[PDB]
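Reproduced below: structure.cif, with mmCIF, C-alpha atoms and all ligand atoms.
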data_model
loop_
_atom_site.label_atom_id
_atom_site.label_comp_id
_atom_site.auth_asym_id
_atom_site.auth_seq_id
_atom_site.Cartn_x
_atom_site.Cartn_y
_atom_site.Cartn_z
CA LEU A 1 -5.68 21.98 9.92
CA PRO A 2 -2.27 21.95 8.13
CA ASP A 3 -2.51 19.60 5.18
CA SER A 4 0.78 17.88 6.11
CA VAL A 5 2.58 17.38 9.42
CA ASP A 6 5.86 15.58 10.11
CA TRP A 7 6.97 15.66 13.72
CA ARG A 8 10.44 14.43 12.70
CA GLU A 9 11.00 17.92 11.25
CA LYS A 10 10.39 19.47 14.69
CA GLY A 11 13.08 17.30 16.29
CA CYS A 12 10.47 15.36 18.28
CA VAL A 13 11.19 11.79 17.04
CA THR A 14 14.10 9.59 18.15
CA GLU A 15 15.90 7.06 15.94
CA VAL A 16 13.92 4.09 14.62
CA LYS A 17 14.26 1.11 16.96
CA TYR A 18 14.44 -2.64 16.23
CA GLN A 19 12.15 -4.87 18.30
CA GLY A 20 13.49 -8.17 16.96
CA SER A 21 11.90 -11.39 18.15
CA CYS A 22 10.21 -9.72 21.14
CA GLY A 23 6.64 -8.57 20.62
CA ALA A 24 7.19 -5.24 22.37
CA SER A 25 5.77 -2.92 19.71
CA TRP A 26 3.33 -1.64 22.38
CA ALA A 27 6.32 -0.45 24.41
CA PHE A 28 7.97 1.25 21.44
CA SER A 29 4.70 2.96 20.52
CA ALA A 30 4.40 4.22 24.12
CA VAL A 31 7.93 5.61 24.61
CA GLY A 32 7.90 7.14 21.12
CA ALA A 33 4.76 9.11 21.95
CA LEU A 34 6.18 10.19 25.35
CA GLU A 35 9.57 11.11 23.84
CA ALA A 36 7.82 13.77 21.73
CA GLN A 37 6.04 15.28 24.73
CA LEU A 38 9.38 15.23 26.55
CA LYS A 39 11.05 17.18 23.74
CA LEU A 40 8.28 19.78 23.62
CA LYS A 41 8.54 20.46 27.36
CA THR A 42 12.30 20.32 27.95
CA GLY A 43 13.88 20.85 24.53
CA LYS A 44 15.80 17.59 24.89
CA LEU A 45 15.38 14.63 22.54
CA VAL A 46 16.16 11.47 24.49
CA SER A 47 15.07 7.92 23.68
CA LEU A 48 13.07 6.39 26.51
CA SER A 49 13.47 2.81 27.74
CA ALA A 50 11.09 0.35 26.07
CA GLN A 51 12.78 -2.39 28.11
CA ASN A 52 11.67 -0.59 31.30
CA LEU A 53 8.08 -1.08 30.12
CA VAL A 54 8.57 -4.71 29.05
CA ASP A 55 10.13 -5.63 32.41
CA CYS A 56 8.06 -3.45 34.74
CA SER A 57 4.71 -2.61 33.12
CA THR A 58 3.60 -6.20 33.58
CA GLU A 59 0.76 -8.09 35.25
CA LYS A 60 -0.85 -5.23 37.20
CA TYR A 61 -1.16 -3.45 33.85
CA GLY A 62 -2.55 -6.36 31.83
CA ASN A 63 0.68 -6.62 29.85
CA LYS A 64 2.80 -9.65 28.97
CA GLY A 65 6.23 -8.25 28.11
CA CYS A 66 7.43 -9.82 24.86
CA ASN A 67 4.00 -11.44 24.39
CA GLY A 68 2.12 -8.13 24.10
CA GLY A 69 0.82 -5.11 25.94
CA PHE A 70 -1.25 -1.94 25.90
CA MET A 71 0.17 1.54 25.35
CA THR A 72 -2.45 3.05 27.68
CA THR A 73 -1.46 0.84 30.64
CA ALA A 74 2.19 1.43 29.76
CA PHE A 75 1.41 5.15 30.15
CA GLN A 76 -0.38 4.37 33.41
CA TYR A 77 2.69 2.48 34.70
CA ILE A 78 4.83 5.57 34.05
CA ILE A 79 2.31 7.70 35.98
CA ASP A 80 2.16 5.18 38.84
CA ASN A 81 5.96 4.70 38.85
CA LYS A 82 6.60 8.45 38.79
CA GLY A 83 9.13 7.85 36.04
CA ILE A 84 10.62 5.92 33.15
CA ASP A 85 14.33 5.37 32.61
CA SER A 86 16.30 6.59 29.63
CA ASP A 87 16.87 4.01 26.91
CA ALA A 88 20.62 4.65 27.22
CA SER A 89 20.60 3.62 30.89
CA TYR A 90 18.10 0.74 30.44
CA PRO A 91 18.67 -0.48 26.89
CA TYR A 92 16.56 -2.84 24.84
CA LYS A 93 17.42 -6.57 25.01
CA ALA A 94 14.36 -8.01 23.20
CA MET A 95 13.53 -10.45 26.00
CA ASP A 96 11.59 -10.63 29.25
CA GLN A 97 13.79 -9.58 32.20
CA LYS A 98 13.34 -8.68 35.84
CA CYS A 99 12.23 -5.11 36.43
CA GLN A 100 15.37 -3.00 36.86
CA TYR A 101 13.87 0.49 37.15
CA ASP A 102 16.19 2.95 38.89
CA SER A 103 14.89 6.44 39.67
CA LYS A 104 18.50 7.72 39.59
CA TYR A 105 18.31 7.45 35.78
CA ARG A 106 14.75 8.77 35.38
CA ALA A 107 14.55 10.58 32.07
CA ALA A 108 10.85 11.38 31.81
CA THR A 109 7.59 11.44 33.70
CA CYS A 110 3.95 11.13 32.66
CA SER A 111 1.02 13.20 33.92
CA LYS A 112 -1.96 11.79 32.04
CA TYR A 113 -3.01 10.10 28.83
CA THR A 114 -5.93 10.53 26.44
CA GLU A 115 -7.73 7.91 24.32
CA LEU A 116 -9.37 8.92 21.01
CA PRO A 117 -12.77 7.68 19.75
CA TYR A 118 -12.82 4.53 17.62
CA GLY A 119 -12.48 4.98 13.86
CA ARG A 120 -12.39 8.81 13.88
CA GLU A 121 -9.67 9.64 11.40
CA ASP A 122 -10.72 13.31 11.60
CA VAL A 123 -10.14 13.38 15.36
CA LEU A 124 -6.82 11.55 14.86
CA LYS A 125 -5.64 14.16 12.33
CA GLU A 126 -6.45 16.94 14.78
CA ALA A 127 -4.62 15.30 17.67
CA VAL A 128 -1.49 14.64 15.58
CA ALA A 129 -1.56 18.30 14.51
CA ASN A 130 -2.47 19.92 17.85
CA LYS A 131 -0.81 17.54 20.34
CA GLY A 132 1.93 15.51 18.66
CA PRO A 133 2.66 11.89 17.77
CA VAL A 134 -0.14 9.47 18.68
CA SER A 135 0.24 5.83 19.74
CA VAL A 136 -1.91 3.54 17.59
CA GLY A 137 -2.35 -0.10 16.71
CA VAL A 138 -2.61 -1.34 13.13
CA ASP A 139 -3.50 -4.67 11.58
CA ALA A 140 -0.04 -5.73 10.41
CA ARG A 141 -0.85 -9.43 9.72
CA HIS A 142 -0.31 -9.26 5.98
CA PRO A 143 2.76 -10.27 3.92
CA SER A 144 2.41 -6.94 2.09
CA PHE A 145 3.09 -5.10 5.34
CA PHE A 146 6.33 -7.03 5.88
CA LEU A 147 7.23 -6.52 2.20
CA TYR A 148 6.37 -2.80 2.10
CA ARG A 149 9.15 -0.72 0.62
CA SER A 150 7.76 2.70 -0.37
CA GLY A 151 4.68 4.74 -1.17
CA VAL A 152 1.24 4.89 0.41
CA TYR A 153 0.40 1.44 1.81
CA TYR A 154 -3.04 0.10 0.97
CA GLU A 155 -4.01 -3.52 1.70
CA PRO A 156 -7.47 -4.57 0.47
CA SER A 157 -7.76 -7.48 2.91
CA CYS A 158 -6.70 -5.37 5.88
CA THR A 159 -9.08 -5.29 8.88
CA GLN A 160 -9.79 -2.81 11.70
CA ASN A 161 -8.62 -5.34 14.34
CA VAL A 162 -5.23 -4.12 15.50
CA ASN A 163 -2.34 -6.38 16.48
CA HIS A 164 0.84 -4.26 16.14
CA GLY A 165 1.87 -1.08 17.95
CA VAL A 166 3.14 1.87 15.92
CA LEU A 167 3.45 5.67 16.20
CA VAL A 168 1.67 8.24 14.02
CA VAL A 169 4.19 11.09 13.73
CA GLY A 170 2.49 12.88 10.86
CA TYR A 171 0.19 12.83 7.87
CA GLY A 172 -0.12 14.27 4.39
CA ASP A 173 -0.89 13.42 0.79
CA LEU A 174 1.18 12.14 -2.12
CA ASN A 175 -0.43 13.42 -5.35
CA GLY A 176 -3.89 13.14 -3.80
CA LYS A 177 -3.31 9.86 -1.92
CA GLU A 178 -3.85 10.82 1.71
CA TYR A 179 -1.63 8.89 4.12
CA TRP A 180 -0.61 8.57 7.74
CA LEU A 181 3.09 8.94 8.50
CA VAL A 182 3.93 6.00 10.76
CA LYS A 183 7.08 5.17 12.70
CA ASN A 184 7.56 1.41 12.97
CA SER A 185 9.94 -0.56 15.22
CA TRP A 186 11.50 -2.96 12.71
CA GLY A 187 14.77 -1.09 12.25
CA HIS A 188 15.99 1.15 9.48
CA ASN A 189 15.75 -1.47 6.71
CA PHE A 190 11.95 -1.71 6.89
CA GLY A 191 9.97 0.49 4.49
CA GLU A 192 10.99 4.12 4.12
CA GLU A 193 13.92 4.30 6.54
CA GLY A 194 11.86 2.54 9.20
CA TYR A 195 8.66 4.46 8.37
CA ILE A 196 5.50 3.47 6.53
CA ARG A 197 2.95 5.78 4.94
CA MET A 198 -0.46 4.12 5.35
CA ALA A 199 -3.68 5.04 3.55
CA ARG A 200 -5.70 7.74 5.33
CA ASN A 201 -9.45 8.45 5.12
CA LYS A 202 -10.17 4.95 3.73
CA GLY A 203 -12.63 3.76 6.35
CA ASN A 204 -10.12 3.24 9.20
CA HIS A 205 -7.71 1.32 6.97
CA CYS A 206 -5.79 -1.40 8.83
CA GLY A 207 -7.54 -0.04 11.92
CA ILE A 208 -5.05 2.83 12.30
CA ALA A 209 -7.62 4.96 14.18
CA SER A 210 -9.25 2.15 16.15
CA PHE A 211 -7.39 2.77 19.45
CA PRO A 212 -5.29 5.96 19.41
CA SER A 213 -3.78 7.27 22.62
CA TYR A 214 -1.25 9.91 23.55
CA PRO A 215 0.46 10.90 26.83
CA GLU A 216 1.22 14.35 28.29
CA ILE A 217 3.79 15.85 30.63
CA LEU A 218 2.23 18.80 32.43
CA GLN A 219 3.81 21.79 34.15
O1 LIG B 301 -5.67 0.34 25.70
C1 LIG B 301 -6.87 0.13 25.69
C2 LIG B 301 -7.68 0.31 26.94
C3 LIG B 301 -7.93 -1.01 27.73
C4 LIG B 301 -9.16 -0.92 28.60
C5 LIG B 301 -8.88 -1.33 30.03
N1 LIG B 301 -8.30 -2.66 30.08
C6 LIG B 301 -8.30 -3.16 31.46
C7 LIG B 301 -6.98 -3.75 31.93
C8 LIG B 301 -7.20 -5.08 32.66
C9 LIG B 301 -6.61 -5.11 34.08
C10 LIG B 301 -5.15 -4.67 34.11
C11 LIG B 301 -4.94 -3.36 33.34
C12 LIG B 301 -6.25 -2.79 32.85
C13 LIG B 301 -6.95 -2.65 29.47
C14 LIG B 301 -6.70 -1.41 28.59
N2 LIG B 301 -7.51 -0.30 24.58
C15 LIG B 301 -8.98 -0.55 24.59
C16 LIG B 301 -9.49 -1.68 23.70
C17 LIG B 301 -8.40 -2.32 22.92
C18 LIG B 301 -7.16 -1.81 22.75
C19 LIG B 301 -6.48 -2.75 21.94
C20 LIG B 301 -5.09 -2.75 21.42
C21 LIG B 301 -4.37 -1.57 21.30
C22 LIG B 301 -3.07 -1.60 20.82
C23 LIG B 301 -2.46 -2.79 20.46
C24 LIG B 301 -1.05 -2.74 19.95
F1 LIG B 301 -0.71 -1.52 19.53
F2 LIG B 301 -0.15 -3.10 20.88
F3 LIG B 301 -0.84 -3.58 18.93
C25 LIG B 301 -3.19 -3.99 20.58
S1 LIG B 301 -2.48 -5.57 20.14
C26 LIG B 301 -3.04 -6.67 21.49
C27 LIG B 301 -2.49 -6.18 22.83
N3 LIG B 301 -2.80 -7.11 23.96
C28 LIG B 301 -2.45 -6.51 25.26
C29 LIG B 301 -2.89 -7.41 26.41
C30 LIG B 301 -2.30 -8.78 26.25
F4 LIG B 301 -0.90 -8.69 26.45
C31 LIG B 301 -2.55 -9.37 24.89
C32 LIG B 301 -2.10 -8.39 23.81
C33 LIG B 301 -4.50 -3.96 21.06
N4 LIG B 301 -7.27 -3.80 21.65
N5 LIG B 301 -8.45 -3.50 22.27
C34 LIG B 301 -9.58 -4.44 22.15
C35 LIG B 301 -9.39 -5.71 22.98
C36 LIG B 301 -9.20 -5.44 24.45
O2 LIG B 301 -10.38 -4.95 25.16
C37 LIG B 301 -6.76 -0.50 23.34
#
Write the structure described by the file as structure tokens, please.
Ligand SMILES: O=C(CC1CCN(CC2CCCCC2)CC1)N1CCc2c(c(-c3ccc(C(F)(F)F)c(SCCN4CCC(F)CC4)c3)nn2CCCO)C1
Amino acid sequence: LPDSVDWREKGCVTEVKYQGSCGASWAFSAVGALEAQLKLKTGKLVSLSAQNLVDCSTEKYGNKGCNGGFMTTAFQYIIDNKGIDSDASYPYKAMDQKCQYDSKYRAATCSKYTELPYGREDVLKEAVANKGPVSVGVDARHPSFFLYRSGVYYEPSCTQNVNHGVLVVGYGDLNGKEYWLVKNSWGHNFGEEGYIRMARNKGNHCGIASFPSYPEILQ
């Protein structure tokens, strides 16, 4: 129930990444969510390897590397694999490569993941407050999304059908405009230092609360 949350202020969010020509936003959404749970448990902030997911969380998990994927099955791959490599050791190349997972460089683990009910922006607010950053999809197929520079994003022709993976690391209000605080993966030059504030409590705007999920690392 805090009116604003920003998980960057708790040291739980790594640097904004740059996906480039590879459609791996699902992998960035996944590692970003797990990175925060990693920080909470261990005190260490370490970027996790999106490339590991692109190359290894593939056909068994319904994913297609640079041609798309699910965050939930990415999570499941980490559970099945008993690990995910650090980004430093397995860095992002923005292309489809052979799986090169090496347990020697394991930087995190995943115990479970939770999916939130469709459209429930109230449940999403609670989870971001009481659990941490939440992986979500948004409908990003709008020039205005690409052109966004600052403020609370509102797109009248936006739909609830998601197509782009992002990370909800907070929420709040700017002079009564409620927004979601969203980490994108288009580098630092997009939006507000790589972030976009998207309208909140506007009937699941851009589908932000259509398919939320978040992972956990248990004791
Ligand atoms: O995660 C889940 C759970 C499902 C339920 C179980 N099945 C079974 C599956 C089949 C066998 C192998 C593994 C298990 C997969 C995960 N969702 C449930 C429904 C759902 C989700 C999304 C969703 C969520 C986030 C994003 C983001 F953020 F990336 F943009 C996108 S963009 C499209 C991603 N998509 C991934 C596969 C292919 F690359 C084509 C591209 C879509 N859309 N939809 C509706 C259409 C699909 O029903 C999230």
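Residues of protein or nucleic acid lying within 7 Å of ligand LIG 301 (chain B), counting all atoms listed in the file, are residues 25, 26, 59, 60, 61, 62, 63, 64, 67, 68, 69, 70, 71, 72, 73, 136, 137, 138, 162, 163, 164, 165, 166 and 211 of chain A.
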Do you have the atom CA of residue A:109-atom CA of residue A:180 distance handy?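 About the pair atom CA of residue A:109 and atom CA of residue A:180: they are 27.4 Å apart.
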Near stretch 8-14 of chain A, counting only C-alpha atoms, which residues have an atom at most 6 Å away, once you skip same-chain residues fewer than 4 positions from it, shown as a VMD selection string? chain A and resid 36 39 47
Once you count all atoms listed in the file, which residues end up no further than 12 Å from (0.2, 7.7, 3.9) in the file's frame, shown as JSON, numbers by chain? {"A": [4, 5, 6, 150, 151, 152, 153, 154, 168, 169, 170, 171, 172, 173, 174, 175, 176, 177, 178, 179, 180, 181, 182, 183, 192, 195, 196, 197, 198, 199, 200, 201, 202, 205, 206, 208]}
For the selection just defined, write its residues with C-alpha atoms to a file, as a CSV table (one decimal), keeping the file's coordinate frame.
chain,number,residue,atom,x,y,z
A,4,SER,CA,0.8,17.9,6.1
A,5,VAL,CA,2.6,17.4,9.4
A,6,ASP,CA,5.9,15.6,10.1
A,150,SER,CA,7.8,2.7,-0.4
A,151,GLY,CA,4.7,4.7,-1.2
A,152,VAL,CA,1.2,4.9,0.4
A,153,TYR,CA,0.4,1.4,1.8
A,154,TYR,CA,-3.0,0.1,1.0
A,168,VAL,CA,1.7,8.2,14.0
A,169,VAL,CA,4.2,11.1,13.7
A,170,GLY,CA,2.5,12.9,10.9
A,171,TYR,CA,0.2,12.8,7.9
A,172,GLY,CA,-0.1,14.3,4.4
A,173,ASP,CA,-0.9,13.4,0.8
A,174,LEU,CA,1.2,12.1,-2.1
A,175,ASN,CA,-0.4,13.4,-5.4
A,176,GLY,CA,-3.9,13.1,-3.8
A,177,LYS,CA,-3.3,9.9,-1.9
A,178,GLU,CA,-3.8,10.8,1.7
A,179,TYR,CA,-1.6,8.9,4.1
A,180,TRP,CA,-0.6,8.6,7.7
A,181,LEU,CA,3.1,8.9,8.5
A,182,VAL,CA,3.9,6.0,10.8
A,183,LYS,CA,7.1,5.2,12.7
A,192,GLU,CA,11.0,4.1,4.1
A,195,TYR,CA,8.7,4.5,8.4
A,196,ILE,CA,5.5,3.5,6.5
A,197,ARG,CA,3.0,5.8,4.9
A,198,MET,CA,-0.5,4.1,5.4
A,199,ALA,CA,-3.7,5.0,3.6
A,200,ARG,CA,-5.7,7.7,5.3
A,201,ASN,CA,-9.4,8.4,5.1
A,202,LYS,CA,-10.2,5.0,3.7
A,205,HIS,CA,-7.7,1.3,7.0
A,206,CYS,CA,-5.8,-1.4,8.8
A,208,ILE,CA,-5.0,2.8,12.3
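The coordinates place atom CA of residue A:217 at 14.2 Å from atom CA of residue A:45.
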What is the atom CA of residue A:21-atom CA of residue A:54 distance in Å, reported with one decimal? 13.2 Å
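When all atoms listed in the file are used to compute distances to residue A:122, the closest of the residues A:157, A:81, A:204, A:219 turns out to be A:204.
Of the residues under consideration (A:95, A:209, A:147, A:53), A:209 shows the shortest atom-to-atom contact distance to residue A:115 when counting all atoms listed in the file.
Of the listed residues (A:98, A:188, A:106, A:131), A:106 comes nearest to residue A:78; the distances count only C-alpha atoms.
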Measuring between only C-alpha atoms, which one of A:160, A:100, A:184, A:37 shows the shortest distance to residue A:118?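 Looking only at the distances to residue A:118, the closest residue turns out to be A:160.
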Could you check which of A:134, A:194, A:121, A:35 is closest to residue A:207, using all atoms listed in the file?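 Once distances to residue A:207 are computed over all atoms listed in the file, the minimum belongs to A:121.
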Because some atoms of stretch 130-158 of chain A are absent here, can you restore N, CA and C atoms and send them as a PDB file, keeping the file's coordinate frame?
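Below is the file selection_1.pdb, written as the result:
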ATOM      1  N   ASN A 130      -2.409  19.030  16.698  1.00  0.00           N
ATOM      2  CA  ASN A 130      -2.470  19.920  17.850  1.00  0.00           C
ATOM      3  C   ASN A 130      -1.846  19.348  19.122  1.00  0.00           C
ATOM      4  N   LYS A 131      -1.439  18.080  19.130  1.00  0.00           N
ATOM      5  CA  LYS A 131      -0.810  17.540  20.340  1.00  0.00           C
ATOM      6  C   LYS A 131       0.529  16.882  20.091  1.00  0.00           C
ATOM      7  N   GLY A 132       0.699  16.197  18.961  1.00  0.00           N
ATOM      8  CA  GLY A 132       1.930  15.510  18.660  1.00  0.00           C
ATOM      9  C   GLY A 132       1.709  14.068  18.231  1.00  0.00           C
ATOM     10  N   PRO A 133       2.784  13.294  18.176  1.00  0.00           N
ATOM     11  CA  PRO A 133       2.660  11.890  17.770  1.00  0.00           C
ATOM     12  C   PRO A 133       1.667  11.133  18.645  1.00  0.00           C
ATOM     13  N   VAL A 134       0.930  10.208  18.025  1.00  0.00           N
ATOM     14  CA  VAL A 134      -0.140   9.470  18.680  1.00  0.00           C
ATOM     15  C   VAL A 134       0.169   7.985  18.575  1.00  0.00           C
ATOM     16  N   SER A 135       0.111   7.283  19.716  1.00  0.00           N
ATOM     17  CA  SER A 135       0.240   5.830  19.740  1.00  0.00           C
ATOM     18  C   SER A 135      -1.003   5.181  19.137  1.00  0.00           C
ATOM     19  N   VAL A 136      -0.801   4.246  18.209  1.00  0.00           N
ATOM     20  CA  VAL A 136      -1.910   3.540  17.590  1.00  0.00           C
ATOM     21  C   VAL A 136      -1.518   2.082  17.380  1.00  0.00           C
ATOM     22  N   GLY A 137      -2.532   1.245  17.209  1.00  0.00           N
ATOM     23  CA  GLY A 137      -2.350  -0.100  16.710  1.00  0.00           C
ATOM     24  C   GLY A 137      -2.806  -0.165  15.258  1.00  0.00           C
ATOM     25  N   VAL A 138      -2.164  -1.037  14.482  1.00  0.00           N
ATOM     26  CA  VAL A 138      -2.610  -1.340  13.130  1.00  0.00           C
ATOM     27  C   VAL A 138      -2.701  -2.850  12.981  1.00  0.00           C
ATOM     28  N   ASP A 139      -3.453  -3.267  11.970  1.00  0.00           N
ATOM     29  CA  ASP A 139      -3.500  -4.670  11.580  1.00  0.00           C
ATOM     30  C   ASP A 139      -2.321  -4.889  10.646  1.00  0.00           C
ATOM     31  N   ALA A 140      -1.256  -5.492  11.173  1.00  0.00           N
ATOM     32  CA  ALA A 140      -0.040  -5.730  10.410  1.00  0.00           C
ATOM     33  C   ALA A 140       0.109  -7.177   9.940  1.00  0.00           C
ATOM     34  N   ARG A 141      -0.933  -8.003  10.069  1.00  0.00           N
ATOM     35  CA  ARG A 141      -0.850  -9.430   9.720  1.00  0.00           C
ATOM     36  C   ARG A 141      -1.139  -9.622   8.229  1.00  0.00           C
ATOM     37  N   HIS A 142      -0.185  -9.170   7.420  1.00  0.00           N
ATOM     38  CA  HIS A 142      -0.310  -9.260   5.980  1.00  0.00           C
ATOM     39  C   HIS A 142       1.093  -9.285   5.389  1.00  0.00           C
ATOM     40  N   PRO A 143       1.410 -10.253   4.523  1.00  0.00           N
ATOM     41  CA  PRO A 143       2.760 -10.270   3.920  1.00  0.00           C
ATOM     42  C   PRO A 143       3.134  -8.924   3.314  1.00  0.00           C
ATOM     43  N   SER A 144       2.160  -8.235   2.716  1.00  0.00           N
ATOM     44  CA  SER A 144       2.410  -6.940   2.090  1.00  0.00           C
ATOM     45  C   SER A 144       2.941  -5.911   3.081  1.00  0.00           C
ATOM     46  N   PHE A 145       2.527  -5.993   4.340  1.00  0.00           N
ATOM     47  CA  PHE A 145       3.090  -5.100   5.340  1.00  0.00           C
ATOM     48  C   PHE A 145       4.579  -5.381   5.518  1.00  0.00           C
ATOM     49  N   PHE A 146       4.929  -6.650   5.741  1.00  0.00           N
ATOM     50  CA  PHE A 146       6.330  -7.030   5.880  1.00  0.00           C
ATOM     51  C   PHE A 146       7.135  -6.654   4.642  1.00  0.00           C
ATOM     52  N   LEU A 147       6.530  -6.762   3.459  1.00  0.00           N
ATOM     53  CA  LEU A 147       7.230  -6.520   2.200  1.00  0.00           C
ATOM     54  C   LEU A 147       7.222  -5.067   1.767  1.00  0.00           C
ATOM     55  N   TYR A 148       6.483  -4.206   2.467  1.00  0.00           N
ATOM     56  CA  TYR A 148       6.370  -2.800   2.100  1.00  0.00           C
ATOM     57  C   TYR A 148       7.742  -2.157   1.920  1.00  0.00           C
ATOM     58  N   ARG A 149       7.903  -1.432   0.826  1.00  0.00           N
ATOM     59  CA  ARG A 149       9.150  -0.720   0.620  1.00  0.00           C
ATOM     60  C   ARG A 149       8.976   0.787   0.511  1.00  0.00           C
ATOM     61  N   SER A 150       7.942   1.265  -0.184  1.00  0.00           N
ATOM     62  CA  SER A 150       7.760   2.700  -0.370  1.00  0.00           C
ATOM     63  C   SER A 150       6.337   3.016  -0.826  1.00  0.00           C
ATOM     64  N   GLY A 151       5.973   4.288  -0.710  1.00  0.00           N
ATOM     65  CA  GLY A 151       4.680   4.740  -1.170  1.00  0.00           C
ATOM     66  C   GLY A 151       3.630   4.713  -0.069  1.00  0.00           C
ATOM     67  N   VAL A 152       2.387   4.904  -0.499  1.00  0.00           N
ATOM     68  CA  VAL A 152       1.240   4.890   0.410  1.00  0.00           C
ATOM     69  C   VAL A 152       0.703   3.456   0.454  1.00  0.00           C
ATOM     70  N   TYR A 153       0.855   2.815   1.609  1.00  0.00           N
ATOM     71  CA  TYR A 153       0.400   1.440   1.810  1.00  0.00           C
ATOM     72  C   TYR A 153      -1.121   1.348   1.794  1.00  0.00           C
ATOM     73  N   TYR A 154      -1.632   0.455   0.954  1.00  0.00           N
ATOM     74  CA  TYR A 154      -3.040   0.100   0.970  1.00  0.00           C
ATOM     75  C   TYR A 154      -3.160  -1.407   0.768  1.00  0.00           C
ATOM     76  N   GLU A 155      -3.834  -2.064   1.698  1.00  0.00           N
ATOM     77  CA  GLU A 155      -4.010  -3.520   1.700  1.00  0.00           C
ATOM     78  C   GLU A 155      -5.493  -3.838   1.664  1.00  0.00           C
ATOM     79  N   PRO A 156      -6.020  -4.365   0.554  1.00  0.00           N
ATOM     80  CA  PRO A 156      -7.470  -4.570   0.470  1.00  0.00           C
ATOM     81  C   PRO A 156      -8.022  -5.543   1.499  1.00  0.00           C
ATOM     82  N   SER A 157      -7.247  -6.533   1.934  1.00  0.00           N
ATOM     83  CA  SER A 157      -7.760  -7.480   2.910  1.00  0.00           C
ATOM     84  C   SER A 157      -7.447  -7.073   4.336  1.00  0.00           C
ATOM     85  N   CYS A 158      -7.006  -5.838   4.542  1.00  0.00           N
ATOM     86  CA  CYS A 158      -6.700  -5.370   5.880  1.00  0.00           C
ATOM     87  C   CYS A 158      -8.001  -5.211   6.681  1.00  0.00           C
TER      88      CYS A 158
END
